[PDB]
Amino acid sequence: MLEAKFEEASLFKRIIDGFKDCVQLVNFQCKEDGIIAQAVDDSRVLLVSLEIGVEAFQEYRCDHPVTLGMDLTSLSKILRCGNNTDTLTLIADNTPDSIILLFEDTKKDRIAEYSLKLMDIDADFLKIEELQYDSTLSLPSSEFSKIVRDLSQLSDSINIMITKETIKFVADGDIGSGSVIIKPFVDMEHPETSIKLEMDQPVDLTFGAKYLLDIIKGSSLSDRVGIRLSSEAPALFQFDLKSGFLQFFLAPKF
Amino acid sequence: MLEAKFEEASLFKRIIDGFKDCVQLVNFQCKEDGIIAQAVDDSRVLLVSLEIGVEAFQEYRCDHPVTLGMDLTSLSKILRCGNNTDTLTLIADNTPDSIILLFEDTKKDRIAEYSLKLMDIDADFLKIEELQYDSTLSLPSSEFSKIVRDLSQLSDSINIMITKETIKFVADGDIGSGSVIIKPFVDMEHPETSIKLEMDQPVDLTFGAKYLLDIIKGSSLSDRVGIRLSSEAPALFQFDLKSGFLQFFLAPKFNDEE
Amino acid sequence: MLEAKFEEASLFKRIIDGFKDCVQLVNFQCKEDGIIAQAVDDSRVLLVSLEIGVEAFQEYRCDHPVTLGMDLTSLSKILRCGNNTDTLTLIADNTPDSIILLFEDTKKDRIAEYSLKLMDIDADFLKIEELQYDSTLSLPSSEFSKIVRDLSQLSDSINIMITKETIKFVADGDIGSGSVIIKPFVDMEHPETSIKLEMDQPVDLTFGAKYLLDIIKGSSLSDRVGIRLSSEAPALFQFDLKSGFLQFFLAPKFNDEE
Amino acid sequence: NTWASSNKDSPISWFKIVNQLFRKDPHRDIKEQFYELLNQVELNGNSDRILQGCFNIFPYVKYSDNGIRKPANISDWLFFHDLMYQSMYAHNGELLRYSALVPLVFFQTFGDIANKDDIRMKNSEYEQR
Amino acid sequence: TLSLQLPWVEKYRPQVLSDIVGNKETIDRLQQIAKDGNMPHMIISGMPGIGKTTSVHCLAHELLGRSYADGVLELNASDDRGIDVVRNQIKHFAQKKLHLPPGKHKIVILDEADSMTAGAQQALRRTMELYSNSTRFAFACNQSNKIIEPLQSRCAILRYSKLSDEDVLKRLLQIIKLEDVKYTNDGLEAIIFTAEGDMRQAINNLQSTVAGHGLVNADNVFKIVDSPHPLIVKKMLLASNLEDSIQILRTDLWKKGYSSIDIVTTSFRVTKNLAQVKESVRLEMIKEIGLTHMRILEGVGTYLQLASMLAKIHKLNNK
DNA sequence: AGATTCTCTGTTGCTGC
DNA sequence: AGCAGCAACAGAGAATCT
Ligand SMILES: Nc1ncnc2c1ncn2[C@@H]1O[C@H](COP(=O)(O)OP(=O)(O)OP(O)(O)=S)[C@@H](O)[C@H]1O
Ligand SMILES: [Mg+2]
C-alpha cells in the first residue's frame, strides 16, 4: 500500500512544480526503499525522473509496492492546499482506482482530503542514465536559470559548449547573438556558489530553449544543479533533494 | 441630501469591492441613521446588503433621505482614486441626477472630484433576514476563503453540512471529491481565531461555488465571518464593520440553483 | 568607434525603459561629448530625446562619432541581462552592422555578450526645443505619475491649465470629470518635494492621455520632472540624469491630436 | 485607363463572371469557353455569390424563349444548390467541388450572343434578410 | 537494423540549375539571373513535384555563394508565418546590415506562400517595397490565386508546367546510370505512366521498385505501384455497355479495396476534366455523380448506389 | 511588508473555410 | 448554425524594489 507522510506539504508541491507544464502524465511507484516517478513529454525529448528515499518522509510504510498513473494537471490543481507548512500524507491501497492526498494542520482543526482519479499507464520505466558522461559540471541553479532566461530571448536553440576549463552557452537568432561564458572556481567564502567542471572530452550540444526553460524550475528544490553531457545520450540536469533527486534527461537537437 | 465623509477612502473601496463583479446595479439610500445599499444579481440567487451607521463616518449630515441607483462597474472604475488614505466625501442633492465623490488629501493640494451619472431603479428593498436560523457559525474569514478556494476546484457545487459540533464542507466532481472538516474551539491565545457553532437543527445545504467565491471577498472587511443557515431560506454570510455590516444572502441550490 | 561603459547596467536599462513601448526605432549617435539618441513615434506627436555626457560613464572613448539605428523592442529584449549591478559596455566599430552589449560581473566569472543587428535610418535629428516657454514647472515625478494615472481613467485627453500660482490638470469624459489642482510651494524639510512654477503667460493645452502615460515612466530616472509648455510648440517633459537628461516632446491636441 | 496590372495579378470580379456566364462568343468553341468559365468560377471560391448574381440577372437576360421552361429546369438546379449549401454546414466540405457546376448550367441554358451589354446588379437578399 | 540511407529524391536533389530538367525557358532565365545578378521579387507557381523549391534553392545558392547562411532567410509552412512574424523577424532581416558583392542581394525564401494569412500578406507589401534594394523576396506556391494581387504586382510571375515524357525519362536514365540499376524499356514506360508528370513521385516509385524487387520491370511496377486510379475510372465511365462498366467497377475498383468515396470523387474529377463527350451530357453525368455523393456522405455508400449512378449516366447517354 | 509592474494564461470575438 | 485557428485583450499572480 502507499503511505507516505511529508513533514511539509511544500516539498511535494515544489517537486510536482517540476513536472508541471512540461509533461501531462506521471507514473509513480512506491516501494520498500521509497518513491520513484517518471514522466515523458509527447515528443519524447524530455524525461522527468524522481527518487525520494524513505528518509525524506516523516513516516513511510510499504509492505507492498503500488504503481499509479495520473494526470499531472489534476495533481497540481490539488497541490495548492498544502499551506506549505501543512503536513501531507499520500495514501493508496494495493489495487487503487484513486490516490488520496491528506493535508492536516498540527491541531485537529482543519483536514483537507482529496481523492484523485488515477489513469492506467503501461508500466515501462526507462533506465537511460549513463555510466560516464563526456563532461560534468555543477553551478548555482539560480545562475543556470539566469543563463537560460538570458539566451532564451534570442533563439529557440541554446548551445552548450565545453572545453578545458570553459563552459559556454550560446544563442543566435534573428535579432542577433548572445553568449554567457563561465569558468570553474572554488569559493571558500561559501562553496555553494562555486562552479565545478570535470571534462573527459570537449562537448558541444544544442538544446531547444523551450525545454531548458521547463528544466530550470528545479532551482526551487536545490541550490545547485548538476549537468551531465554526452554526445552519445540525452543530457542529464539534476537537482538533489535530502534523500533523493529530481532529474531531467533532455535529448540534444539533431 | 447626501453628505457622508469617510475618514479613509479605503473603507468605501473595500465595501464596493464586495458588490463588485457579482452584481451590476446597486441601490443606495442615505437617511438619518446611516446608509444602506442593496444589490441583487440577475439570476436572483444573491442579495448583497450593506448598512453603515452614522458613527462609521467622520462627518455625516442628513436632513432628508435620498435614494440613488447606480451601475456598480462605473462606481468601482472611479473607486481607485482614494489613495486609501485620502478622505472621501459622498455628496448628493435631494433629487439627484448624479452622485459626487470627493477625494481630498490632508493639505489643500490634490482634490479629485467625480460626478457619477445615476440610474433610475424602482425602490424595492428586500427584508428577507430570518429571526432564527437552523445553525449559526463564525470562523476567521481567511479560513473560510481557503475552504471555499480549495473545494471550488473540484465542483461547481459546495455542500455545507452541520451536525452537533461538526461543520463539513464538501465538493465532488469529475476529478474526484474533497472535504474540509472543522470543529468548534475557543482559542484564548487570541479568540479571533476561534470557531463557534450554535446548532438548533442539523443542516445540509448546497451552494454554487461561483457565488461562494464572490462572497469570500468580505474577508477584507472583517477578521471573522458569520454564516447562518436554514432549510427555509437563503443563507446569510455576514462581515461586520465598525458600526455596520456587509451581508450576502445566497439561495441554496434546489438541486440546480446556485 | 563606440566604447561606453556604464558602472551599473541598471542606468541604461531604465533609460531604454523610457523609449519602450511608445517608439519602435531609435537613432543613437556617440561622439566626443557623449551619447545622444532620438526616437519619434509613428504618428509623429512624440519625440523621445536622450543626452548622456561623458561623465555619466565609468569609461568612455570616442575618436570618431558613430550613428546607429535600432529596433527598440530588440534592444529591451536584451536589456534584462544587466543584473542591474552588472557592468555594461556598449561597443561598435566606425561602420557597424551591429551593436555589441557586454555585461560582466566584477569577477571574471560570467560574461554575457550580445550582438544586436542594426537598422539603417536616415540621420535627421530634430532640434525643436524652444528658447522660452510660456510656463515652466517642476514637481516630484511620482506626484506627476499619480496625477496622470488618476485622470487617465476618465478620458483620452488630459488638459493642463496654468494661471498665476496655479496648475490644474483636468479630464472629462463619459463617467464624469476630474481635476487635480496643485500650488507652488517650497518645502525646506526637503526641497525635492517642492513644486515650482514660473509663468510668463497663462497656458491651457490638451494632451492625449495615452502619451502622458508613456511619459511618466521617466520617474524611474529622476525624483523631479520639469514640464515646459507653450502655445507655439510641443510641450517638453524632462527627466534629469547625472550628466544628461531624458526629454519627451509632446505635441498638444489641436482638438484631436495627441 | 489602368487595368494591365489587374489582368496581371487580379481575378474576375464575380459580377464580370456573371455577365460572362450569359455571353456566348460565336468565334470560339463552346467547350473551350465552358472550361475557361469553369476555371474562373473555381478560382474565385465564391460560387454562392456568382449564383445569386445569376438568379437576379436571368429574368432580365434575352434568351430565345419557347415556353419559359429553361427557368423550370434551372429551379431544380437552384434547389440542388440550396441542398448542397445546407449540407456544407453539416458535412466536411468535400461537396464544395460540385458548387462550381451550378453557375455553368446558366451558361448552357441562357448563354446567348444577344447579351452584349453588362447588366448591373444589387443585393436584394441582404436587404430582405 | 541501425540506420537508413538517404532517399534518391533527397540524395539526387539538384544543387545546380543545369541539373534541373524542368521548364527550359524559366530555367535559363534563372540561370542568366544568377550569372548577372539583380534578382527581382518572384513568385513561382505550379503543381507538386516539378522542381519549384529546388529551383529557388539552387538560384539562391548560386547567387549567394558562401554568404547563403547569413543572407538567405528560409520560412516554410512548418514555421509560424503570421502578422507578428512578418512584422518582427522579416523586417529585422530586411533591415539587417550585410556587406554583399555589388551584384547580389539578401533573399527571403517563403515556401508554401499560398498558406500565409491575409494580414501577413498585406503587411509584406511595404516590407518588400521599402527594402527592395537590399532584400529580395521569392515565393513558392501551388496556387497563385491564393496570393493577393498587390503582392503579385510587385514581383515576376513564373508558372511552372508539367514535365513531358522526355524530361522525366532523361532524368530517370541519369539516375539509373548513376546508381547501376537493372531496368527495361517497358518498366520505365510504366513508371512514367504512373508518375503523371510528377518527377518526385517518379523517383520515389523507381527507388521503391528497386529496393523491393531489384529489377525495374513493368510487371514489378504494376504489382507494387497500382495503375493510375483516374484511368480505370475513366475507362469505367467511358464504357459503351452497362455490363462492361459494372464488371470494371466490380473487379478493378470494388474487389481491390477502393472506398466508395474515392470512387465517386475520382469519378467527379474524371468527368469534370473529360473532353470526349459534349458539355450537356457531361453536366448531366456530373449531376448524377452528385446524388450518389450526397447519398454516400449521408452514410448510404454502397455498391448499389454506384451501380445506379452508372445506370443513370448510361441512360443519359442512351439519348 | 506592501505596492506596482510585467508576464502568462484564458476567454471571447472575428474571420475564413 | 461545427471547428478551428486565430489573435488580442484583460485579469491574476508572482517577483522585485522601496
Ligand atoms: N526538374 C527536376 N529535375 C530533377 N529532379 C527534380 C526536378 N523536379 C523535381 N525533382 C525531384 O523532386 C524533388 C522534390 O522537388 P520539389 O521542387 O520539392 O517539388 P516542387 O516542384 O517544389 O512541388 P512541391 O514542393 O510539392 S509545391 C527534388 O529533390 C528532386 O529529386
Ligand atoms: Mg516544395
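Scoring rules and cut-offs
As drawn, each chain counts its residues from 1 in written sequence order, possibly unlike the entry's numbers, and residues without coordinates are not displayed. Both sets of labels track the order of writing: A upward for chains, 1 upward for ligands. Note: displayed chains form a subset of a larger assembly, with all reported quantities computed for the displayed subset only. Neither water nor hydrogens contribute to the side-chain values; these are computed over all heavy atoms in the structure. Residues with missing side-chain atoms are left out of burial classes, side-chain pairs and their counts. UniProt positions are given in the numbering used here, feature names are shortened, and annotations may be inferred rather than shown by experiment. In summary, the pairing rule links any two rings of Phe, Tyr or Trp, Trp by its six-membered ring, whose centres are within 6.5 Å, and it sorts them by plane angle into stacked for under 30 degrees, edge-to-face for over 60 and tilted for everything else. The numbering of helices and of strands both runs from the N terminus, where a helix is a DSSP run of H or I of at least 4 residues and a strand a run of E of at least 2. Exposed residues in this analysis have more than 50% of their type's maximum accessible area, buried residues have under 20%, and partly exposed residues fall in between, with area computed by a 1.4 Å probe over protein chains only. In this scheme, the term charge over a ring applies when either NZ of a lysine or CZ of an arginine sits within 6 Å of the ring centre and within 35 degrees of the ring normal. Throughout, a contact is declared for two residues whenever any of their heavy atoms are within 4.5 Å. Put simply, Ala, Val, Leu, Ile, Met, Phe, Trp, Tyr, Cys and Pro go in the nonpolar bin, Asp, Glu, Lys and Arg in the charged bin, and everything else, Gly too, in the polar bin. Strand pairing is assigned whenever DSSP detects at least two bridges linking the two strands. Note on geometry: axes are lines fitted to C-alpha atoms, helical ones only across the stretch in contact, with angles between N-to-C directions running from 0 to 180 degrees. Should an angle fall under 35 degrees it is called roughly parallel, over 145 degrees roughly antiparallel, and 65 to 115 degrees roughly perpendicular, with every other angle called oblique. In this scheme the handedness of a crossing depends on how the near helix is turned from the far one: anticlockwise by less than a right angle means left-handed, clockwise means right-handed. One fewer than the residue count of a helix, multiplied by 1.5 Å, yields its expected span. The arc in question is the one traced by the directions running from the helix axis out to the C-beta atoms. Being near a molecule or strand, for a residue, comes down to having at least one heavy atom within 4 Å of it. Two N or O atoms form a polar contact when they lie within 3.5 Å of each other; inside protein one atom must be a possible hydrogen donor and the other a possible acceptor, and for residues adjacent in sequence the pair counts only when both atoms belong to side chains. The protein chains shown are the only cover counted for residues, whose accessible areas, like all others here, come from Shrake-Rupley with a 1.4 Å probe.

Its PDB header names cryo-EM as the technique used to obtain the model and reports a resolution of 3.2 Å.

Chain E goes by Replication factor C subunit 4 in the PDB entry, where it is assigned to Saccharomyces cerevisiae. Of the comments in the UniProt record for chain E, the one headed Subcellular location reads "Nucleus". What UniProt states about chain E under its Sequence similarities heading is, verbatim, "Belongs to the activator 1 small subunits family."

K.L.:
Can you help me understand the packing of aromatic side chains in this one?
P.N.:
Here the distance between the centres and the angle between the planes together describe a pair of aromatic rings. This structure, assessed with the given rule, holds 38 aromatic pairs over all chains. Relative to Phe237 of chain A, the ring of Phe207 of chain A lies with its centre 6.1 Å away and its plane at 80°, an arrangement referred to as edge-to-face. Linking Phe207 of chain A in strand β15 (residues 203–208) with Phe237 of chain A in strand β17 (residues 235–241), this pair joins segments that are 30 residues apart in sequence. Take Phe207 of chain A and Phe237 of chain A: they sit in the same class, and that class is buried. Ring geometry for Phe106 of chain D against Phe110 of chain D: centres 6.0 Å apart, planes inclined by 40°, an arrangement best described as tilted. Of the two residues, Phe106 of chain D and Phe110 of chain D are both situated in helix α6 (residues 101–110); the distance of four residues between them amounts to about one turn of the helix. Across the pair, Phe110 of chain D and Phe106 of chain D agree in class, each one buried. Three or more aromatic residues joined by ring pairs make a cluster, and in this case those are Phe22, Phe55, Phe58, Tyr63, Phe106 and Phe110 of chain D. One residue, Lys24 of chain D, lies across the ring of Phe107 of chain D, its end atom 5.6 Å from the ring centre. For the cation-ring pair, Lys287 of chain E lies above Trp77 of chain D, with the distance from its terminal atom to the ring centre recorded as 4.6 Å.

K.L.:
Before we go on, may I ask you to explain the interface of chain C and chain A in this structure?
P.N.:
Where interface size is given, it is often the accessible area lost as the parts come together that is meant. Taken together, the contacts link 16 residues of chain C with 16 residues of chain A. It is strand β9 (residues 111–117) of chain C that contributes the most residues to the side of chain C that touches chain A, seven residues altogether. Of the residues that constitute the side of chain C that touches chain A, the class distribution is six nonpolar, three polar and seven charged. Where strand β13 (residues 176–182) of chain A meets β9 of chain C, six bridges bridge the pair, whose relative direction is antiparallel. Pairing of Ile181 of chain A across the sheet is with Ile111 of chain C, part of β9 of chain C.

K.L.:
Help me understand the packing of helix α14 (residues 260–272) of chain E against helix α15 (residues 279–300) of chain E in this model?
P.N.:
Two quantities define a packed helix pair, namely the angle between the helix axes and the distance between the axes. Residue and element names in this part refer to chain E. Put simply, α14 and α15 touch, their axes get as near as 10 Å, and they point 165° apart. Looking at the two axes, α14 sits roughly antiparallel to α15. Considering how the two elements wind past one another, α14 and α15 form a crossing that is left-handed. Side by side, α14 and α15 meet where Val264, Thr265, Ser267, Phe268, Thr271 and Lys272 of the first sit next to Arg282, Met285, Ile286, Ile289 and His293 of the second.

K.L.:
Help me understand helix α3 (residues 30–44) of chain D, please; the structure alone is not making it clear to me.
P.N.:
Because each turn of an α-helix spans 3.6 residues, side chains separated by three or four positions in sequence point in the same direction. End to end, α3 of chain D covers 21 Å across 15 residues, agreeing with the expected 21 Å (1.5 Å per residue, within 8%). Where α3 of chain D is concerned, the buried positions are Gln33, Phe34, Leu37, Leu38, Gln40, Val41 and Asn44 of chain D. In an axial view of α3 of chain D, the angular spread of the buried residues amounts to 165°, which keeps them on one side of the axis. In the core, the buried residues of α3 of chain D are packed alongside α2 (14–21), α4 (47–57) and α6 of chain D together with α15 of chain E. Phi turns positive one or two residues past the end of α3 of chain D, at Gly45 of chain D, with a value near 60°.

K.L.:
How should the site of ligand 1 be read in this particular structure?
P.N.:
All names here are of chain E. By nearness alone, 20 residues border ligand 1, and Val9, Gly49, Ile50, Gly51 and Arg200 come closest of all. Within the backbone of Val21, an N or O atom sits 3.3 Å from a nitrogen atom of ligand 1. If ligand 1 stood free it would expose 640 Å²; the protein chains cover 94% of that surface. Every element with two or more residues in the shell around ligand 1 is listed here: α3 (53–64) and α10 (199–213). Its residues assigned to classes, the shell around ligand 1 comprises nine nonpolar, six polar and five charged.

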